[PDB]
Amino acid sequence: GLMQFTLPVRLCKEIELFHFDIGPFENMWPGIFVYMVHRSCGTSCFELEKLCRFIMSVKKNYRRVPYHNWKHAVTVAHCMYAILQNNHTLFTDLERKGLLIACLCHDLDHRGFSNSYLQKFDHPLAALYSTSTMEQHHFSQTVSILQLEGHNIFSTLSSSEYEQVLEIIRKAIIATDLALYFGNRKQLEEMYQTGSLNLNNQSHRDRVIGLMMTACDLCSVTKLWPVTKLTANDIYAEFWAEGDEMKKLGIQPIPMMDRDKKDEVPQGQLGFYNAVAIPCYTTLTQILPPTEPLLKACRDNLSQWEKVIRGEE
Ligand SMILES: Cc1ncc(C(F)(F)F)c2nc(CCc3nc(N4CCCC4)nn3C)nn12
Ligand SMILES: [Mg+2]
Ligand SMILES: [Zn+2]
């Protein structure tokens, strides 16, 4: 009740910035998450005992893959924290509650393979969920963990509040399917530019929360260059294992997933920052101006990838 989570001074100041790295000490990540809920939501949003048990069951359901792991979950949640704290007054209490949980949960039980590989392998999850296969799985795992004894962090909510928050989390987790991002950002771009964008329209809110999810999900491109560059090595460690598995099924992988195209990595990054990252953070900055430091950091990392190609990095 009278209990506040605190952090050492360098973490207490730097956790408020978009470019914070949560560090290599795994055992601090739960306390960092609770810290962020307490400040973005309040010490009253969740029963501590339930939240702690929820966080630990979530952790235990992330797998030790190179990229889609528990460290990614807490990272994606820290970027959401930064966005929420810089746009305090645009979001409901349910949204604040819902989005940090959504982010912590958004890759639950990820196996290090894309929707496309599950569909080519004919994994049972691809018969249960024909599109956004892992993302429907992640929400399904979130509901499982919420239904364990002593894990319903939302038990204090009304039936209708409970249903709204699970609906926010579902839509937020689905939006992390990058196949959906392109159309979502296009609509948002057109709505912002024609001035039709209306934050009282629930279906507009949805699209805006969807774009925030894509921004948080991609936030490795918004970090200090060494973090960005070393995360890219984890990302490719997964993509190249997937490429190997595609070849095992007798299918030439796309170049992104082929370890034989290691040398094209710099140009593949440029394509990615130009086709995905920069547009994502541009539109987000138009809609929520205090998120500009994510766009400014993305453009700095693009220019670091340009330096690598020129031989200067
Ligand atoms: C930094 C980052 N964050 C998130 C994601 C993701 F979308 F997947 F979440 C992501 N994907 C990639 C991969 C980019 C990429 N490499 C390549 N090839 C072509 C041949 C050499 C490399 N083609 N392309 C488009 N980087 N990356
Ligand atoms: Mg995902
Ligand atoms: Zn993710």
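The numbering of chain A matches Swiss-Prot: 724-1036, in order.
Recorded method is X-ray crystallography, 2.1 Å.
In case you wondered, yes, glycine gets a Cβ from its N, Cα and C as well.
Taken from Swiss-Prot, the feature active site, proton donor covers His791, and the record attributes it to similarity to another entry. Taken from Swiss-Prot, the feature 3',5'-cyclic GMP binding site covers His791, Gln992, and the record attributes it to experimental evidence. Residues or ranges marked as divalent metal cation 1 binding site by Swiss-Prot on the basis of experimental evidence: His795, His829, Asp830, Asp940. The divalent metal cation 2 binding site annotation in Swiss-Prot covers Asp830.
Structure with Swiss-Prot features highlighted.
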residue: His791; record: active site, proton donor; DSSP (3 states): coil
residue: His829; record: divalent metal cation 1 binding site; DSSP (3 states): coil
residue: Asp940; record: divalent metal cation 1 binding site; DSSP (3 states): helix
residue: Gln992; record: 3',5'-cyclic GMP binding site; DSSP (3 states): helix
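Listed in sequence order, the binding-site residues among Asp830, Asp940, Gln992 whose CB lies under 6 angstroms from an atom of ligand 3 come out as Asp830, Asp940. Apart from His795, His829, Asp830, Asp940, the residues listed for divalent metal cation 1, the same chain places the Cβ atoms of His791, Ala796, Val799, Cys826, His833, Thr899, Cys939 within 8 Å of the centroid of those Cβ atoms. Proximity of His829 (divalent metal cation 1 binding site) to non-local residues of its own chain (separation of 6 or more, Cβ distance below 8 Å) is seen for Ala796, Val799, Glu858, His861, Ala895, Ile896, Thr899, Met936, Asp940, given in sequence order. Proximity to ligand 2 at the level of Cβ atoms, with a cut-off under 6 angstroms, picks out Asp830 from the binding-site residues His795, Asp830, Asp940, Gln992. Shown in sequence order, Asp830 are the residues of the chain, 6+ apart in sequence, with a C-beta less than 8 angstroms from the C-beta of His795 (divalent metal cation 1 binding site). The number of other Cβ atoms within 10 Å of the Cβ belonging to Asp830 (divalent metal cation 1 binding site), over all protein chains shown, comes to 26. Each residue contributes its Cα atom, and for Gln992 (3',5'-cyclic GMP binding site) and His791 (active site, proton donor) those atoms are 18 Å apart.
Listed in sequence order, the residues of the same chain lying 6 or more apart from the residue listed as 'active site, proton donor' and placing their CB within less than 8 Å of its CB are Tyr785, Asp830, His833, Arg834, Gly835, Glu961.
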